[PDB]
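The file final.pdb comes next; it holds PDB, C-alpha atoms.
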```
ATOM      1  CA  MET A   1     -65.282 -46.842  19.378
ATOM      2  CA  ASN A   2     -63.500 -43.484  19.302
ATOM      3  CA  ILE A   3     -60.259 -42.196  20.827
ATOM      4  CA  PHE A   4     -62.146 -40.704  23.773
ATOM      5  CA  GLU A   5     -63.661 -44.086  24.606
ATOM      6  CA  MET A   6     -60.346 -45.984  24.508
ATOM      7  CA  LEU A   7     -58.706 -43.265  26.592
ATOM      8  CA  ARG A   8     -61.615 -43.450  29.040
ATOM      9  CA  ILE A   9     -61.024 -47.191  29.251
ATOM     10  CA  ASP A  10     -57.294 -46.676  29.804
ATOM     11  CA  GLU A  11     -57.509 -43.825  32.321
ATOM     12  CA  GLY A  12     -60.898 -44.249  33.985
ATOM     13  CA  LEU A  13     -62.140 -41.342  36.106
ATOM     14  CA  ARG A  14     -61.078 -39.888  39.463
ATOM     15  CA  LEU A  15     -62.257 -36.873  41.464
ATOM     16  CA  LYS A  16     -59.354 -36.668  43.924
ATOM     17  CA  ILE A  17     -55.650 -36.218  43.136
ATOM     18  CA  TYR A  18     -54.064 -39.535  42.172
ATOM     19  CA  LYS A  19     -50.633 -40.788  41.122
ATOM     20  CA  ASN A  20     -50.703 -41.906  37.484
ATOM     21  CA  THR A  21     -49.014 -44.875  35.810
ATOM     22  CA  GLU A  22     -45.717 -42.968  35.691
ATOM     23  CA  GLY A  23     -45.917 -41.905  39.335
ATOM     24  CA  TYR A  24     -46.578 -38.231  38.603
ATOM     25  CA  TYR A  25     -49.504 -36.215  39.970
ATOM     26  CA  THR A  26     -52.620 -36.469  37.828
ATOM     27  CA  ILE A  27     -56.318 -35.513  37.924
ATOM     28  CA  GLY A  28     -59.507 -36.223  35.971
ATOM     29  CA  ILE A  29     -59.264 -38.519  32.970
ATOM     30  CA  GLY A  30     -55.486 -38.887  32.833
ATOM     31  CA  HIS A  31     -54.702 -35.175  33.045
ATOM     32  CA  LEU A  32     -51.157 -34.992  34.384
ATOM     33  CA  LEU A  33     -50.995 -32.163  36.903
ATOM     34  CA  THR A  34     -47.291 -32.195  37.736
ATOM     35  CA  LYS A  35     -44.009 -34.095  37.589
ATOM     36  CA  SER A  36     -43.136 -32.808  41.061
ATOM     37  CA  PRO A  37     -43.655 -35.225  43.983
ATOM     38  CA  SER A  38     -45.266 -32.515  46.133
ATOM     39  CA  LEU A  39     -49.057 -32.195  46.307
ATOM     40  CA  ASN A  40     -48.964 -28.499  47.209
ATOM     41  CA  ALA A  41     -46.965 -27.783  44.060
ATOM     42  CA  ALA A  42     -49.403 -30.046  42.225
ATOM     43  CA  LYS A  43     -52.306 -27.797  43.215
ATOM     44  CA  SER A  44     -51.091 -25.109  40.793
ATOM     45  CA  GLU A  45     -52.002 -26.390  37.317
ATOM     46  CA  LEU A  46     -55.582 -27.255  38.297
ATOM     47  CA  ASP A  47     -56.335 -23.860  39.853
ATOM     48  CA  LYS A  48     -54.716 -22.280  36.799
ATOM     49  CA  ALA A  49     -57.023 -24.293  34.546
ATOM     50  CA  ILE A  50     -60.175 -23.344  36.442
ATOM     51  CA  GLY A  51     -59.211 -19.946  37.851
ATOM     52  CA  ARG A  52     -60.385 -20.480  41.421
ATOM     53  CA  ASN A  53     -59.141 -22.191  44.583
ATOM     54  CA  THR A  54     -60.172 -25.853  44.553
ATOM     55  CA  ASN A  55     -57.871 -27.628  47.030
ATOM     56  CA  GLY A  56     -57.333 -30.303  44.382
ATOM     57  CA  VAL A  57     -60.913 -31.274  43.521
ATOM     58  CA  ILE A  58     -62.929 -30.838  40.314
ATOM     59  CA  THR A  59     -66.320 -31.678  38.808
ATOM     60  CA  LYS A  60     -67.184 -34.239  36.119
ATOM     61  CA  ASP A  61     -67.818 -31.681  33.379
ATOM     62  CA  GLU A  62     -64.482 -30.046  34.198
ATOM     63  CA  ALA A  63     -62.786 -33.435  33.873
ATOM     64  CA  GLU A  64     -64.489 -33.896  30.495
ATOM     65  CA  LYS A  65     -63.397 -30.422  29.395
ATOM     66  CA  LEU A  66     -59.867 -31.196  30.576
ATOM     67  CA  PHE A  67     -60.139 -34.462  28.646
ATOM     68  CA  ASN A  68     -61.060 -32.879  25.307
ATOM     69  CA  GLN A  69     -58.546 -30.103  26.002
ATOM     70  CA  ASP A  70     -55.805 -32.661  26.647
ATOM     71  CA  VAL A  71     -56.606 -34.436  23.392
ATOM     72  CA  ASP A  72     -56.429 -31.067  21.620
ATOM     73  CA  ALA A  73     -53.036 -30.488  23.236
ATOM     74  CA  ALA A  74     -52.066 -33.988  22.104
ATOM     75  CA  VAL A  75     -52.851 -33.345  18.436
ATOM     76  CA  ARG A  76     -51.172 -29.936  18.816
ATOM     77  CA  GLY A  77     -48.037 -31.715  20.010
ATOM     78  CA  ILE A  78     -48.190 -34.331  17.258
ATOM     79  CA  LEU A  79     -48.467 -31.679  14.546
ATOM     80  CA  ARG A  80     -45.711 -29.679  16.239
ATOM     81  CA  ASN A  81     -43.338 -32.623  16.634
ATOM     82  CA  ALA A  82     -41.061 -33.210  13.647
ATOM     83  CA  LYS A  83     -40.565 -36.975  13.986
ATOM     84  CA  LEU A  84     -44.187 -37.872  14.795
ATOM     85  CA  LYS A  85     -46.116 -35.904  12.160
ATOM     86  CA  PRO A  86     -44.970 -37.877   9.084
ATOM     87  CA  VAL A  87     -45.667 -41.134  10.929
ATOM     88  CA  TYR A  88     -49.108 -39.816  11.858
ATOM     89  CA  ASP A  89     -50.104 -38.502   8.421
ATOM     90  CA  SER A  90     -49.629 -41.963   6.906
ATOM     91  CA  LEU A  91     -52.006 -43.615   9.379
ATOM     92  CA  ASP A  92     -55.755 -44.248   9.397
ATOM     93  CA  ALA A  93     -58.237 -43.193  12.106
ATOM     94  CA  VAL A  94     -57.595 -46.250  14.299
ATOM     95  CA  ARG A  95     -53.780 -46.298  14.233
ATOM     96  CA  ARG A  96     -53.834 -42.500  14.391
ATOM     97  CA  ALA A  97     -55.906 -42.941  17.546
ATOM     98  CA  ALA A  98     -53.309 -45.334  18.995
ATOM     99  CA  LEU A  99     -50.539 -42.816  18.310
ATOM    100  CA  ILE A 100     -52.671 -40.087  19.887
ATOM    101  CA  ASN A 101     -53.141 -42.390  22.883
ATOM    102  CA  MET A 102     -49.389 -42.791  23.304
ATOM    103  CA  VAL A 103     -48.679 -39.062  22.912
ATOM    104  CA  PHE A 104     -51.510 -38.402  25.379
ATOM    105  CA  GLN A 105     -49.938 -40.786  27.872
ATOM    106  CA  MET A 106     -46.217 -39.990  27.720
ATOM    107  CA  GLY A 107     -46.277 -36.386  26.495
ATOM    108  CA  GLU A 108     -45.050 -34.917  23.208
ATOM    109  CA  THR A 109     -41.312 -34.770  23.969
ATOM    110  CA  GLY A 110     -40.806 -38.268  25.396
ATOM    111  CA  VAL A 111     -42.733 -40.155  22.703
ATOM    112  CA  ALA A 112     -40.544 -38.810  19.869
ATOM    113  CA  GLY A 113     -37.695 -40.973  21.184
ATOM    114  CA  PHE A 114     -39.210 -44.109  19.647
ATOM    115  CA  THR A 115     -37.402 -43.505  16.333
ATOM    116  CA  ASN A 116     -37.111 -47.211  15.459
ATOM    117  CA  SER A 117     -40.805 -47.964  15.906
ATOM    118  CA  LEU A 118     -41.952 -44.744  14.236
ATOM    119  CA  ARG A 119     -39.833 -45.617  11.210
ATOM    120  CA  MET A 120     -41.323 -49.105  11.458
ATOM    121  CA  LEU A 121     -44.811 -47.578  11.369
ATOM    122  CA  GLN A 122     -44.195 -45.317   8.374
ATOM    123  CA  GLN A 123     -43.235 -48.430   6.414
ATOM    124  CA  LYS A 124     -46.397 -50.070   7.792
ATOM    125  CA  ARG A 125     -44.496 -53.077   9.170
ATOM    126  CA  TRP A 126     -46.991 -53.740  11.962
ATOM    127  CA  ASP A 127     -45.781 -57.107  13.295
ATOM    128  CA  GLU A 128     -42.061 -56.486  13.864
ATOM    129  CA  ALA A 129     -43.118 -53.071  15.157
ATOM    130  CA  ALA A 130     -45.318 -54.841  17.701
ATOM    131  CA  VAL A 131     -42.490 -57.154  18.754
ATOM    132  CA  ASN A 132     -40.110 -54.213  19.169
ATOM    133  CA  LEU A 133     -42.638 -52.140  21.117
ATOM    134  CA  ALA A 134     -43.126 -55.152  23.388
ATOM    135  CA  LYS A 135     -39.521 -54.461  24.380
ATOM    136  CA  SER A 136     -39.708 -50.894  25.708
ATOM    137  CA  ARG A 137     -39.987 -48.859  28.926
ATOM    138  CA  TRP A 138     -43.531 -47.915  27.910
ATOM    139  CA  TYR A 139     -44.436 -51.605  28.025
ATOM    140  CA  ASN A 140     -42.885 -51.703  31.498
ATOM    141  CA  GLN A 141     -45.073 -48.818  32.648
ATOM    142  CA  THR A 142     -48.418 -50.036  31.294
ATOM    143  CA  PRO A 143     -48.103 -53.641  30.008
ATOM    144  CA  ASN A 144     -51.876 -54.112  29.574
ATOM    145  CA  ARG A 145     -52.455 -50.722  27.971
ATOM    146  CA  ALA A 146     -49.304 -51.169  25.888
ATOM    147  CA  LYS A 147     -50.680 -54.514  24.730
ATOM    148  CA  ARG A 148     -53.944 -52.845  23.679
ATOM    149  CA  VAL A 149     -52.291 -49.931  21.847
ATOM    150  CA  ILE A 150     -49.828 -52.275  20.140
ATOM    151  CA  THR A 151     -52.716 -54.547  19.136
ATOM    152  CA  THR A 152     -54.486 -51.499  17.706
ATOM    153  CA  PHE A 153     -51.367 -50.672  15.689
ATOM    154  CA  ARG A 154     -51.105 -54.256  14.459
ATOM    155  CA  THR A 155     -54.686 -55.007  13.415
ATOM    156  CA  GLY A 156     -55.848 -51.458  12.734
ATOM    157  CA  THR A 157     -59.285 -51.997  14.258
ATOM    158  CA  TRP A 158     -61.075 -51.741  17.606
ATOM    159  CA  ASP A 159     -60.888 -55.370  18.742
ATOM    160  CA  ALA A 160     -58.516 -54.982  21.697
ATOM    161  CA  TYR A 161     -60.471 -52.315  23.594
ATOM    162  CA  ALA A 162     -63.815 -54.118  23.303
ATOM    163  CA  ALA A 163     -62.519 -56.895  25.560
ATOM    164  CA  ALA A 164     -61.284 -54.277  28.027
ATOM    165  CA  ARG A 165     -64.777 -52.768  27.890
ATOM    166  CA  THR A 166     -66.217 -56.187  28.753
ATOM    167  CA  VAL A 167     -63.820 -56.432  31.685
ATOM    168  CA  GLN A 168     -64.896 -52.965  32.844
ATOM    169  CA  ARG A 169     -68.506 -54.168  32.741
ATOM    170  CA  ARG A 170     -67.690 -57.199  34.880
ATOM    171  CA  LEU A 171     -65.664 -55.203  37.416
ATOM    172  CA  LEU A 172     -68.412 -52.590  37.602
ATOM    173  CA  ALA A 173     -70.909 -55.371  38.280
ATOM    174  CA  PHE A 174     -68.831 -56.728  41.167
ATOM    175  CA  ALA A 175     -68.186 -53.278  42.639
ATOM    176  CA  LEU A 176     -71.866 -52.386  42.432
ATOM    177  CA  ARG A 177     -72.919 -55.636  44.097
ATOM    178  CA  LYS A 178     -70.474 -54.968  46.938
ATOM    179  CA  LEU A 179     -71.554 -51.323  47.290
ATOM    180  CA  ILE A 180     -75.303 -51.928  47.265
ATOM    181  CA  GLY A 181     -74.615 -54.867  49.566
ATOM    182  CA  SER A 182     -72.826 -52.517  51.959
ATOM    183  CA  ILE A 183     -75.480 -49.785  51.952
ATOM    184  CA  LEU A 184     -78.325 -52.246  52.574
ATOM    185  CA  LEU A 185     -78.965 -55.157  54.932
ATOM    186  CA  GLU A 186     -80.451 -57.209  52.094
ATOM    187  CA  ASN A 187     -78.504 -59.928  50.284
ATOM    188  CA  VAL A 188     -77.902 -58.818  46.679
ATOM    189  CA  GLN A 189     -77.241 -61.772  44.374
ATOM    190  CA  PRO A 190     -75.105 -61.348  41.224
ATOM    191  CA  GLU A 191     -78.225 -62.243  39.217
ATOM    192  CA  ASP A 192     -79.967 -59.000  40.183
ATOM    193  CA  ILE A 193     -76.976 -56.947  39.080
ATOM    194  CA  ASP A 194     -77.094 -59.084  35.937
ATOM    195  CA  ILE A 195     -80.654 -57.787  35.586
ATOM    196  CA  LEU A 196     -79.313 -54.251  36.029
ATOM    197  CA  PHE A 197     -76.906 -54.855  33.139
ATOM    198  CA  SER A 198     -79.195 -56.773  30.773
ATOM    199  CA  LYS A 199     -82.066 -54.330  31.186
ATOM    200  CA  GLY A 200     -81.173 -50.721  31.983
ATOM    201  CA  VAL A 201     -83.156 -50.815  35.227
ATOM    202  CA  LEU A 202     -83.106 -52.554  38.614
ATOM    203  CA  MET A 203     -85.644 -51.892  41.363
ATOM    204  CA  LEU A 204     -85.631 -53.325  44.878
ATOM    205  CA  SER A 205     -88.440 -52.805  47.372
ATOM    206  CA  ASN A 206     -88.937 -52.875  51.151
ATOM    207  CA  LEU A 207     -85.256 -52.578  52.031
ATOM    208  CA  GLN A 208     -83.360 -51.545  55.157
ATOM    209  CA  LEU A 209     -80.240 -49.391  55.427
ATOM    210  CA  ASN A 210     -76.996 -50.437  57.089
ATOM    211  CA  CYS A 211     -76.695 -47.985  59.992
ATOM    212  CA  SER A 212     -72.988 -48.818  60.381
ATOM    213  CA  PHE A 213     -72.382 -47.768  56.779
ATOM    214  CA  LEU A 214     -74.186 -44.458  57.278
ATOM    215  CA  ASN A 215     -72.439 -43.767  60.583
ATOM    216  CA  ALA A 216     -69.056 -44.395  58.957
ATOM    217  CA  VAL A 217     -69.840 -42.313  55.872
ATOM    218  CA  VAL A 218     -71.694 -39.255  57.186
ATOM    219  CA  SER A 219     -69.510 -39.235  60.312
ATOM    220  CA  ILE A 223     -73.980 -37.839  64.759
ATOM    221  CA  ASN A 224     -75.461 -41.323  65.037
ATOM    222  CA  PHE A 225     -77.928 -43.265  62.879
ATOM    223  CA  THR A 226     -80.057 -45.824  64.716
ATOM    224  CA  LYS A 227     -82.149 -47.164  61.823
ATOM    225  CA  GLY A 228     -82.848 -46.423  58.158
ATOM    226  CA  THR A 229     -85.543 -48.018  56.004
ATOM    227  CA  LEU A 230     -86.080 -47.359  52.289
ATOM    228  CA  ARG A 231     -89.375 -48.378  50.670
ATOM    229  CA  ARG A 232     -87.941 -48.393  47.145
ATOM    230  CA  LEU A 233     -84.542 -48.224  45.463
ATOM    231  CA  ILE A 234     -84.233 -47.710  41.720
ATOM    232  CA  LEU A 235     -80.875 -47.999  40.011
ATOM    233  CA  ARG A 236     -80.080 -47.471  36.344
ATOM    234  CA  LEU A 237     -76.994 -47.779  34.170
ATOM    235  CA  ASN A 238     -76.055 -46.219  30.853
ATOM    236  CA  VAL A 239     -75.608 -49.734  29.471
ATOM    237  CA  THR A 240     -75.520 -48.569  25.849
ATOM    238  CA  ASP A 241     -72.464 -46.456  26.721
ATOM    239  CA  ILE A 242     -70.951 -48.080  29.810
ATOM    240  CA  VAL A 243     -67.540 -46.485  29.206
ATOM    241  CA  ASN A 244     -68.895 -42.945  29.401
ATOM    242  CA  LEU A 245     -70.665 -44.013  32.575
ATOM    243  CA  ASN A 246     -73.939 -42.478  33.725
ATOM    244  CA  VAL A 247     -75.511 -43.939  36.868
ATOM    245  CA  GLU A 248     -78.998 -43.078  38.113
ATOM    246  CA  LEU A 249     -79.688 -43.745  41.786
ATOM    247  CA  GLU A 250     -83.105 -43.105  43.313
ATOM    248  CA  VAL A 251     -84.615 -43.628  46.770
ATOM    249  CA  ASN A 252     -88.338 -43.424  47.522
ATOM    250  CA  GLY A 253     -89.848 -43.652  50.986
ATOM    251  CA  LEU A 254     -86.567 -43.101  52.801
ATOM    252  CA  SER A 255     -86.849 -43.182  56.593
ATOM    253  CA  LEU A 256     -83.791 -42.125  58.568
ATOM    254  CA  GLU A 257     -83.624 -41.914  62.349
ATOM    255  CA  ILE A 258     -80.687 -39.916  63.703
ATOM    256  CA  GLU A 259     -79.237 -39.325  67.161
ATOM    257  CA  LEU A 260     -76.932 -36.477  68.167
ATOM    258  CA  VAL A 261     -74.621 -35.984  71.150
ATOM    259  CA  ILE A 281     -67.882 -36.075  52.406
ATOM    260  CA  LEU A 282     -68.382 -38.814  49.806
ATOM    261  CA  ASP A 283     -64.645 -39.589  49.749
ATOM    262  CA  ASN A 284     -64.973 -41.415  53.072
ATOM    263  CA  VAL A 285     -67.296 -43.922  51.398
ATOM    264  CA  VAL A 286     -64.530 -44.759  48.944
ATOM    265  CA  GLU A 287     -62.204 -45.164  51.905
ATOM    266  CA  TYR A 288     -64.585 -47.413  53.822
ATOM    267  CA  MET A 289     -65.077 -49.895  51.000
ATOM    268  CA  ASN A 290     -61.324 -49.715  50.375
ATOM    269  CA  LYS A 291     -60.902 -51.166  53.839
ATOM    270  CA  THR A 292     -63.698 -53.740  53.747
ATOM    271  CA  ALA A 293     -63.975 -54.676  50.076
ATOM    272  CA  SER A 294     -60.619 -54.231  48.298
ATOM    273  CA  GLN A 295     -59.436 -57.604  49.613
ATOM    274  CA  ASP A 296     -62.609 -59.506  48.733
ATOM    275  CA  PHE A 297     -62.870 -57.591  45.444
ATOM    276  CA  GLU A 298     -59.283 -58.348  44.410
ATOM    277  CA  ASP A 299     -59.903 -61.979  45.391
ATOM    278  CA  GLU A 300     -63.009 -62.068  43.178
ATOM    279  CA  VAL A 301     -61.217 -60.484  40.220
ATOM    280  CA  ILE A 302     -58.245 -62.827  40.654
ATOM    281  CA  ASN A 303     -60.596 -65.817  40.826
ATOM    282  CA  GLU A 304     -62.305 -64.562  37.660
ATOM    283  CA  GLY A 305     -58.914 -64.287  35.965
ATOM    284  CA  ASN A 316     -56.056 -51.680  44.848
ATOM    285  CA  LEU A 317     -58.315 -51.679  41.787
ATOM    286  CA  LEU A 318     -61.755 -51.355  43.397
ATOM    287  CA  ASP A 319     -60.870 -47.787  44.404
ATOM    288  CA  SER A 320     -60.763 -46.553  40.795
ATOM    289  CA  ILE A 321     -63.947 -48.371  39.783
ATOM    290  CA  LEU A 322     -65.801 -47.014  42.814
ATOM    291  CA  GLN A 323     -64.451 -43.520  42.246
ATOM    292  CA  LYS A 324     -65.669 -43.326  38.648
ATOM    293  CA  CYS A 325     -68.895 -45.011  39.770
ATOM    294  CA  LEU A 326     -69.747 -42.508  42.510
ATOM    295  CA  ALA A 327     -68.518 -39.673  40.289
ATOM    296  CA  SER A 328     -70.953 -40.702  37.557
ATOM    297  CA  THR A 329     -74.045 -41.190  39.731
ATOM    298  CA  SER A 330     -76.929 -38.699  39.849
ATOM    299  CA  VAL A 331     -79.291 -38.927  42.804
ATOM    300  CA  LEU A 332     -83.060 -38.585  43.154
ATOM    301  CA  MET A 333     -84.985 -38.950  46.407
ATOM    302  CA  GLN A 334     -88.718 -38.729  46.969
ATOM    303  CA  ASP A 335     -90.936 -38.592  50.048
ATOM    304  CA  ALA A 336     -88.199 -38.882  52.668
ATOM    305  CA  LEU A 337     -88.631 -38.783  56.448
ATOM    306  CA  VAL A 338     -85.793 -37.880  58.816
ATOM    307  CA  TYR A 339     -85.824 -37.773  62.615
ATOM    308  CA  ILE A 340     -83.191 -36.019  64.727
ATOM    309  CA  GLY A 341     -82.327 -36.350  68.413
ATOM    310  CA  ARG A 348     -86.959 -35.652  68.648
ATOM    311  CA  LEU A 349     -87.592 -33.403  65.635
ATOM    312  CA  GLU A 350     -89.263 -34.622  62.440
ATOM    313  CA  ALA A 351     -88.327 -33.431  58.952
ATOM    314  CA  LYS A 352     -90.467 -34.385  55.966
ATOM    315  CA  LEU A 353     -88.991 -33.986  52.474
ATOM    316  CA  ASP A 354     -91.320 -34.025  49.465
ATOM    317  CA  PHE A 355     -88.575 -34.281  46.838
ATOM    318  CA  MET A 356     -84.854 -33.669  46.329
ATOM    319  CA  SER A 357     -82.274 -34.062  43.574
ATOM    320  CA  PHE A 358     -78.488 -34.136  43.670
ATOM    321  CA  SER A 359     -76.926 -33.411  40.281
ATOM    322  CA  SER A 360     -74.201 -31.439  38.464
ATOM    323  CA  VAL A 361     -74.648 -27.771  37.522
ATOM    324  CA  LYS A 362     -72.663 -24.639  36.630
ATOM    325  CA  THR A 366     -67.982 -25.347  42.995
ATOM    326  CA  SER A 367     -69.585 -28.806  43.002
ATOM    327  CA  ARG A 368     -72.811 -30.760  42.486
ATOM    328  CA  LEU A 369     -76.025 -28.946  43.352
ATOM    329  CA  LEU A 370     -78.460 -30.274  45.915
ATOM    330  CA  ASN A 371     -81.892 -28.878  45.097
ATOM    331  CA  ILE A 372     -84.516 -29.706  47.735
ATOM    332  CA  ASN A 373     -88.270 -29.039  47.652
ATOM    333  CA  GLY A 374     -91.178 -29.494  50.062
ATOM    334  CA  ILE A 375     -89.475 -29.536  53.464
ATOM    335  CA  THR A 376     -91.866 -29.425  56.427
ATOM    336  CA  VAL A 377     -90.494 -29.869  59.951
ATOM    337  CA  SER A 378     -92.644 -30.609  63.019
ATOM    338  CA  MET A 379     -92.929 -32.546  66.286
ATOM    339  CA  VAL A 380     -94.936 -35.340  67.938
TER     340      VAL A 380
END
```
For this file, produce the structure as structure tokens.
Amino acid sequence: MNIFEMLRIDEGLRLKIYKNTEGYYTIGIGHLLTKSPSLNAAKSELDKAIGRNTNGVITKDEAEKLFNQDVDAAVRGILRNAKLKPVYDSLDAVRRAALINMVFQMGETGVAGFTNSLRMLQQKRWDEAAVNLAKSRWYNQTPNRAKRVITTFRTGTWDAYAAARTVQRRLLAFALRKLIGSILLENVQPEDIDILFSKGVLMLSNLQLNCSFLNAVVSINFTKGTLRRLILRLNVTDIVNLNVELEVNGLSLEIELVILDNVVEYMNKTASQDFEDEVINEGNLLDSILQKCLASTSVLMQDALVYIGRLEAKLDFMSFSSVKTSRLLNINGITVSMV
């Protein structure tokens, strides 16, 4: 457990512009774009960071760079701030990380107003500090996160964020079951996803696509889609820094005539209710989970067959993965004919 992992737990990951815990405009892994309530004025900081017109969208590596950069700006601010630095110097890696988390969240200037609790931390009076922090606007903003950071301050270890990691695993399992369930016509039991989490791999064979799903996502008409094999893999060893591997072999699409964000929208309609019900029963959240999920996934596809109408396109192999304005789609072995 490092600071990056706990911050990844607290912020998650998002590709589109989202309103943070404070209500301000934010991108990536908790990178606050602007305080202004206008999206057009929010577009500035991002483009300034990259140096090219983006319309408010970035890549995963850019979000990671912005993440590390934001942590660097955080420690810069801590060392610059007069009230925080003595409190920080006295602390160990874990509590230092909690302080860094707070400064990361609420900015350098705002955090320095917690004079009472800072003074309480220099004297290493963890408990009364915790009780006092429990009564604060920061607790009102992020009660869960505040509970975790406070717990970190109190115990000085990594116990609080492990449970949150567990929760993330469970949520991810539900979201994945719903997603795969949506894409396919097959009934995916929680036990198979449990297989995907116990062992790094899960393979399903002789499936059939949900043409409604494809029609809604791609937005052109799909009549039928059959996939011979679907292989899914999770970075289970490091579930927080998520890496998903999706692979389809023997794809067979049939299309009639007469981007990914929409997927997130579709589920949001159909699943957010059921998902929230499931989470509540387990004791708009699905959007974040799905966003990080689809942002983390790398795609492989082999021996595909697509029909259009009828023309026939045969694809030997194709990969969809990140490279150095977005993810690269490298395709090989396309042969198109008739019958």
May I have the protein, DNA and RNA residues with any atom at most 9 Å from the point (-58.3, -38.8, 40.0), counting only C-alpha atoms, written as a PyMOL selection string? chain A and resi 12-20+26-31+57+320+323-324
Near-region 211-215 of chain A list (9 Å; all atoms listed in the file; drop same-chain fewer than 3 positions) as an MDAnalysis selection string: chainID A and resid 182:184 208 218:219 223:228 285 288
Name the residues captured by the PyMOL selection byres ((chain A and resi 375) around 10) when it is applied to the shown file; answer as a list in words. residues 335, 336, 337, 351, 352, 353, 354, 355, 356, 372, 373, 374, 376 and 377 of chain A
Restrict the calculation to all atoms listed in the file, then for each residue of region 44-90 of chain A with any atom at most 12 Å from an atom of region 98-119 of chain A give the closest atom pair and their distance in Å to one decimal, rows by chain and rising residue number, as a Markdown table.
```
| residue | atom | partner | partner_atom | distance |
| --- | --- | --- | --- | --- |
| A:67 | CA | A:104 | CA | 10.0 |
| A:68 | CA | A:104 | CA | 11.0 |
| A:69 | CA | A:104 | CA | 10.9 |
| A:70 | CA | A:104 | CA | 7.3 |
| A:71 | CA | A:104 | CA | 6.8 |
| A:72 | CA | A:104 | CA | 9.6 |
| A:73 | CA | A:104 | CA | 8.3 |
| A:74 | CA | A:104 | CA | 5.5 |
| A:75 | CA | A:100 | CA | 6.9 |
| A:76 | CA | A:108 | CA | 9.0 |
| A:77 | CA | A:108 | CA | 5.4 |
| A:78 | CA | A:108 | CA | 6.8 |
| A:79 | CA | A:108 | CA | 9.9 |
| A:80 | CA | A:108 | CA | 8.7 |
| A:81 | CA | A:108 | CA | 7.2 |
| A:82 | CA | A:112 | CA | 8.4 |
| A:83 | CA | A:112 | CA | 6.2 |
| A:84 | CA | A:112 | CA | 6.3 |
| A:85 | CA | A:112 | CA | 9.9 |
| A:86 | CA | A:118 | CA | 9.1 |
| A:87 | CA | A:118 | CA | 6.1 |
| A:88 | CA | A:99 | CA | 7.3 |
| A:89 | CA | A:99 | CA | 10.8 |
| A:90 | CA | A:118 | CA | 11.0 |
```
Quick one: distance from CA of residue 121 (chain A) to CA of residue 145 (chain A) in Å, one decimal? 18.5 Å
For CA of residue 250 (chain A) and CA of residue 338 (chain A), the interatomic separation in Å (one decimal): 16.6 Å
So that I can see what lies close to residue 49 (chain A), please list as a PyMOL selection string the residues with an atom at most 10 Å from it, counting all atoms listed in the file and leaving out residues fewer than 3 positions away in the same chain. chain A and resi 44-46+52+62+66
Go through the shown structure with the PyMOL selection byres ((chain A and resi 149) around 12) and write out the matching residues as a PyMOL selection string. chain A and resi 3+6-7+9-10+94-103+105+126+129-130+133-134+138-139+142-148+150-161+164
Using the chain letters and residue numbers of this document, give as an MDAnalysis selection string the residues selected by the PyMOL selection byres ((chain A and resi 321) around 12). chainID A and resid 9 11:15 167:176 178:179 243 245 286 289:290 294 297:298 316:320 322:328
Please measure the separation of CA of residue 255 (chain A) and CA of residue 233 (chain A), giving the value in Å to one decimal.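 Distance between the two atoms: 12.4 Å.
Using only C-alpha atoms, the residues found no farther than 9 Å from residue 43 (chain A), other than those of its own chain fewer than 3 positions away, are residues 33, 34, 38, 39, 40, 46, 47, 48, 53, 54, 55 and 56 of chain A.
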Just checking: using all atoms listed in the file, which residue out of A:190, A:120, A:42, A:330 ends up closest to residue 358 (chain A)?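 Using all atoms listed in the file, the shortest distance to residue 358 (chain A) belongs to A:330.
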Nearest to residue 246 (chain A): which of A:93, A:230, A:163, A:331 is it, counting all atoms listed in the file?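 Residue with the minimum atom-to-atom distance to residue 246 (chain A): A:331.
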If we count all atoms listed in the file and set the cut-off at 6 Å, which residues sit around region 201-204 of chain A, ignoring sequence neighbours fewer than 4 positions away in its own chain? Please answer as a count of residues only. 6
Of the residues A:207, A:63, A:258, A:180, which is the one nearest to residue 293 (chain A), using all atoms listed in the file?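 Result for the nearest residue to residue 293 (chain A): A:180.
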Of the residues A:292, A:303, A:238, A:371, which is the one nearest to residue 329 (chain A), using only C-alpha atoms?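 Under the stated criterion, the closest residue is A:238.
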